[PDB]
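Protein chains get the first letters and strands the later ones, always in sequence-line order, with residue 1 at the start of each.
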Amino acid sequence: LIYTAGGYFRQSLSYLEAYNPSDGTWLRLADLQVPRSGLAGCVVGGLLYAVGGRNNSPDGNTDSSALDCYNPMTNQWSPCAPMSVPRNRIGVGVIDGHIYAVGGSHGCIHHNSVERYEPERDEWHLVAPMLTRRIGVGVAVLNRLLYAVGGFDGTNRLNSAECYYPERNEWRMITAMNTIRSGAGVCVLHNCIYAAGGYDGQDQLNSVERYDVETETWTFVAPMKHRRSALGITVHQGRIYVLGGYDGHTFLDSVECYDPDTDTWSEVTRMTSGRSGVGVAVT
Amino acid sequence: XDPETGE
């Protein structure tokens, strides 16, 4: 269902929760081993993976090198070998049932580093670095191409996007978005790369825009009516769901729903608690 | 702290 692992509401969270819109209710499961915020979630071969993040607690602020693996009928987390480096505000994509870990920070260091994980093998292997250092980068998969979108290089927030070609192991810059976006929600809906909300350096954004690969074009769609960055994002029902985040004053519990064929947003639920920086994925 | 995440 629509799960949300980790997050932050005054401290990094252990929560693992589900939400289905066909039943309108939530299923709770095994808390994260280590609390995490700024993580990313994915699903490979059924299993929900949690990559990077950090544990921002009253007693520390540790960037997470770790990849951990949840089994929906084993309901157990098990550690899968750590990454090259810790990656707070990481972005992840899934090609070929393999996981790419993109960017993120470790302390002052803003990564361009990228690396890939192999679920049959439990191994991480360094790959070609991005052209840009990116934290809060959003990541998407289209035609088994991997897109790194937006983010923050440590000084500037980014509207640039760049494409990873796996069988040439290359990054090439593509057309920039119309809006600068760091910590936006980036997903794939229809066959457009969606980028929703984020932070442009001044305000959280309610605007949303989508990339069409054939025309190399970004187009703005209906905006959410709550600006939000550090949101979770996923598509269920062929419909967009955005989960929590931060709006400058409050940790949102609002969950919004975008219908593409009417191009309208509508509130589906409120989360159990307002929180930001969750990892989302579905299996 | 990061103003994008509020932490």
- [ ] Name all residues meeting the side-chain contact (heavy atoms from CB on, under 4.5 Å) criterion together with A:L189; count only those two or more places apart in sequence or in a different chain, and write none if there are none.
- [x] A:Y194, A:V235, A:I240, A:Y258, A:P260
- [ ] Report the residues that fulfil side-chain contact (heavy atoms from CB on, under 4.5 Å) with A:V85, sequence neighbours left out, ordered by chain and then residue number.
- [x] A:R87, A:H111, A:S113, A:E115
TODO: Against chain B, work out which of A:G248, A:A230, A:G136 has the most heavy-atom pairs shorter than 4.5 Å and name it.
DONE: A:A230
TODO: Heavy-atom pairs under 4.5 Å with chain B are the metric here; pick the option from A:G245, A:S182, A:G198, A:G277 that has the most.
DONE: A:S182
Open item on the list: Is A:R228 close to chain B through its backbone or its side chain, or both, or neither, when contacts mean heavy atoms under 4.5 Å?
Closed with: neither
Open item on the list: Please classify the contact between A:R89 and chain B as side chain, backbone, both or neither, with a heavy-atom cut-off of under 4.5 Å.
Closed with: side chain
TODO: Return the orientation label for the A:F251 and A:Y246 ring planes: parallel under 30°, perpendicular over 60°, tilted otherwise.
DONE: tilted
Open item on the list: One thing to verify: whether A:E267 and A:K225 come together as a salt bridge, which I'm taking to mean a side-chain N less than 4.0 angstrom from a carboxylate O.
Closed with: no
